[PDB]
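Enquirer: so I pulled this structure from the PDB, and the sequence comes with it:
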Amino acid sequence: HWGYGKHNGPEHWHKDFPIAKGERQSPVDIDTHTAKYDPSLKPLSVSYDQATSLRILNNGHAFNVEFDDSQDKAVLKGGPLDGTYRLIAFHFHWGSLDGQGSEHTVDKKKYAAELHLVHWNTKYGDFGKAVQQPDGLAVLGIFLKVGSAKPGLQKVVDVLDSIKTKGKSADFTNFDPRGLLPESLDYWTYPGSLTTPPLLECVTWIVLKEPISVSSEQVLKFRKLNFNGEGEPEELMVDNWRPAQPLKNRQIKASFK
Ligand SMILES: [Hg+2]
Ligand SMILES: [Zn+2]
């Protein structure tokens, strides 16, 4: 099926998912000089204090840390959002080298990686129905730059060995996602889509201005994961990011000046 290789990469996705050439595709380049400062944008409210992580899984294109979303345990609200959005999972996109890896770019600048915390609008009952609505999802995007180590990320880094190949999973409880947030919650927001097939256009993107730094050693661990399943030729999981898409008729708003 789809992937990030020469023969099944982002350029080929449109054949199986025509929406790839849609009107509100992600990611996009964030031009800081044309972004519109919107003073009506309220601050973000991140309530992750009762978060309950369950397991981590290598799905062939990234690794997913899944959470229990049967109750308002870890929620996002405020900002450009109407209603409460529940955290269901998070994953990253990274590169083969420190100079690439993020999906969104800021004034064309690429970061080493990008964290996506996926949430769904509780008004819709479950994730499956949320993806049928234009305001069904809210994804918090956080940039990662190489520098000092992020203590709160080591727990994830350490378990990667047990889920090296596609299909493997491991129990991953008591992980606190608050350890992955930057100091400031200033952000840019725009209407977009999931960046991997089915590329559904139900996402309200909230990209934080301030990146978090991780050590070279931490990011190196990501690059040791495999795309392939066990007993198959080794294909390192690197460059699992989609290039910027045309903004078309959309305006990116900023919560800061
Ligand atoms: Hg949708
Ligand atoms: Zn993503």
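Expert: The structure has been received and is ready for your questions. Numbers count the residues shown, from 1 in each chain. Ligands and ions are numbered 1, 2, ... in the order given.
Enquirer: which non-adjacent residue is nearest the residue in the chain that ligand 2 sits nearest to?
Expert: For the chain and ligand 2, the shortest gap (Cβ to the ion) falls at residue 116, measuring 3.6 Å. From N, CA and C alone the C-beta is placed, and that goes for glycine too. Computed as Cβ to Cβ, 6 or more residues apart in numbering, the closest residue to residue 116 that is not its neighbour in sequence is residue 139, at 5.3 Å.
Enquirer: check residue 124 too.
Expert: Closest to residue 124 by Cβ to Cβ, 6+ apart is residue 130, at 4.3 Å.
Enquirer: so the residue of the chain closest to ligand 2 sits in a helix?
Expert: No: the assignment for residue 116, made by DSSP: H, G, I helix; E, B strand; the rest coil, is strand rather than a helix.
Enquirer: show me what contacts it?
Expert: Contacts for residue 116 (Cβ atoms under 8 Å, 6 or more residues apart in numbering) come out as 90, 91, 92, 93, 139, 140, 141, 195.
Enquirer: one more: residue 221?
Expert: 157, 160.
Enquirer: got a list of what the closest residue in space to residue 151 that isn't next to it in sequence touches?
Expert: The spatial neighbour of residue 151 that comes closest, neighbours along the chain excluded (Cβ to Cβ, 6+ apart), is residue 179 at 6.9 Å. Counting by Cβ under 8 Å, 6+ apart, residue 179 touches 150, 151, 152, 153.
Enquirer: now residue 83
Expert: Residue 83 is in contact with 77, 121, 122, 123, counting by Cβ under 8 Å, 6+ apart.
Enquirer: what is the neighbour count of residue 61?
Expert: 18 (other Cβ atoms under 10 Å).
Enquirer: okay but it is in contact with residue 1, surely?
Expert: No: applying Cβ atoms under 8 Å as the test, residue 61 and residue 1 come out as separate, 9.7 Å apart.
Enquirer: all the strands of the stretch 1-150 of the chain, residue numbers only.
Expert: Ranges of strands in the stretch 1-150 of the chain, per DSSP state E, counting those that start in this stretch, are 29-30, 36-37, 44-47, 53-58, 63-67, 75-78, 85-94, 105-106, 113-121, 137-146.
Enquirer: and of the ones you listed, who's closest to ligand 1?
Expert: Here strand 137-146 is closest among the strands of the stretch 1-150 of the chain (Cβ to the ion), at 7.8 Å.
Enquirer: now do that closest one against strand 85-94, angle only.
Expert: If you take axes from the mean of the first three to the mean of the last three Cα atoms, to 10 degrees, strand 137-146 sits at 40 degrees to strand 85-94.
Enquirer: gap between whatever residue of the stretch 51-200 of the chain ends up closest to ligand 1 and residue 175?
Expert: Of all residues in the stretch 51-200 of the chain, the one sitting closest to ligand 1 is residue 200 (4.9 Å; Cβ to the ion). Distance of residue 200 to residue 175, computed by Cβ to Cβ, to the nearest Å: 27 Å.
Enquirer: do the same with residue 204
Expert: Distance of residue 204 to residue 175, given as Cβ to Cβ: 25 Å.
Enquirer: before we move on, what about residue 193?
Expert: 27 Å.
Enquirer: ok, those two, which is more surrounded?
Expert: Set residue 193 next to residue 175 and count neighbours by other Cβ under 10 Å: residue 193 wins out with 23 against 20.
Enquirer: surely the more buried one is in contact with residue 23?
Expert: No: using Cβ under 8 Å, residue 193 makes no contact with residue 23, being 9.6 Å away.
Enquirer: helix, strand, or coil at the residue lying farthest from the centre of the chain?
Expert: Ranking residues of the chain by C-alpha distance from their mean position (Cα atoms, centre = their mean) puts residue 231 at the top, at 29.0 Å. Following three-state DSSP, residue 231 is assigned to coil.
Enquirer: which ones are touching residue 109?
Expert: If you count contacts by Cβ under 8 Å, 6+ apart, residue 109 has none.
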